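Okay, here we've got a single chain as structure tokens, the form deposited in one PDB entry, with questions on binding and movement later.
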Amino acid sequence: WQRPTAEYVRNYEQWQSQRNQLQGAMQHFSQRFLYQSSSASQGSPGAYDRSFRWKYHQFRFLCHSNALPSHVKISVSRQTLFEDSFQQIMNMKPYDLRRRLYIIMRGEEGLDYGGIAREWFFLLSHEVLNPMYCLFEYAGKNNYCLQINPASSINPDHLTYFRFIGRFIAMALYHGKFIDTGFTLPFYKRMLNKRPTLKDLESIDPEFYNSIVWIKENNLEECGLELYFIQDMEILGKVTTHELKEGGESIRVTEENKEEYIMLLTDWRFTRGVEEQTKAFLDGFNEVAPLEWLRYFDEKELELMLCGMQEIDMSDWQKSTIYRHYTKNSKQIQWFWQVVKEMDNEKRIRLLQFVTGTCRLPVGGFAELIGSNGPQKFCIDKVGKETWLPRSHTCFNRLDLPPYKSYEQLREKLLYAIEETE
């Protein structure tokens, strides 16, 4: 479907190298885990404690409880995996996708149908990113910041493909299997009916972020203004202007209209060009696994449910950290790593998601970390004043850590910053 352009061919290759990296990465992928099934009354979650564990068990309980009996057989060939999965899953009634899932890899026997189901989920979760289908693009170099392609309607079946992707992701959650497609935290936020934020723009589009901030920083008029409640987009040529409001072309932007402007424009940047595609994703998801079942999860917990946890090697982490104005030996940095040393693995993941915008770690670990601009190690900067919380720049894998005056000040601030939502 994709027109044979300069970007398309660049993207084609980059995705092919993913395929050459695919085999090795699945051994790494096999070490992802969550929690052993609840051993209670029909896997009852127990009494509510705010933990991720409880939410996991609670959500599994609903899956178990609502699952149709018997089983369903998805029959696919290793080399036509996308097309075969798509045909099978989209000709089933969505309720039948909640029955126990048997993946039959054509001509491959061997048992450990769990093994096989896990591999299929992993491989299918990369296969959907094939540039050929026009569904996705990245915002940075490499595979940085996956987003729906606004020119996806190049593929005339693109909405039905988004529906299948929705079903497949729900089936991952529904059967406790991990995927690796690489959706962003704001994309999870949309699955939770949560409104993405100005801070979130920094993750997906730092340039666009830096300006929206320099609108709200700057007083207006002083240094010009000259804006309407409109924004342009360029979907496959057609420089389509888009009203921020109804009759927006006339609706002219003042200083009085500026916080409204920012809210509408924040909202615009996340939704622009990808509305029908996201709707089709959500409808596919929702017919297999009700989105209402996600109600306890924040976007980071949702990510972790889908991707699975991995153990964080402290040594690798600490080894591949770089500093700005701090050294390794600085007082605040000593306290930082002490707090990290005392965290359990799940809070270590929480901090990783806070600083980098994902729970996922590249195959080499911390030395291989990508920011927007390409390689970018985990970085701690001496920035802020004491009464500030720590802040991150996910674009740069960067934590701004105020020069706090004690371990307990730092500890409480950092724990607070990482546990916050919206």
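For every residue, the number given is its place in the sequence shown, counted from 1. Note that the rigid core is defined as the largest set of C-alphas that superpose within 1.5 Å between two forms.
Below, we refer to the form deposited in another entry, which is not included among the displayed structures.
Core superposition between this form and the one not shown leaves every listed residue (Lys341, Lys199, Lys245, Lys319) with a C-alpha shift below 2 angstroms except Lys245. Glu226: CA moves 2 Å or more between this form and the one not shown after rigid-core fitting. The rigid-core alignment places the CA of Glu292 less than 2 Å apart between this form and the one not shown. Superposition of the core reveals a Cα shift of 2 Å or more for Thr254 between this form and the one not shown.
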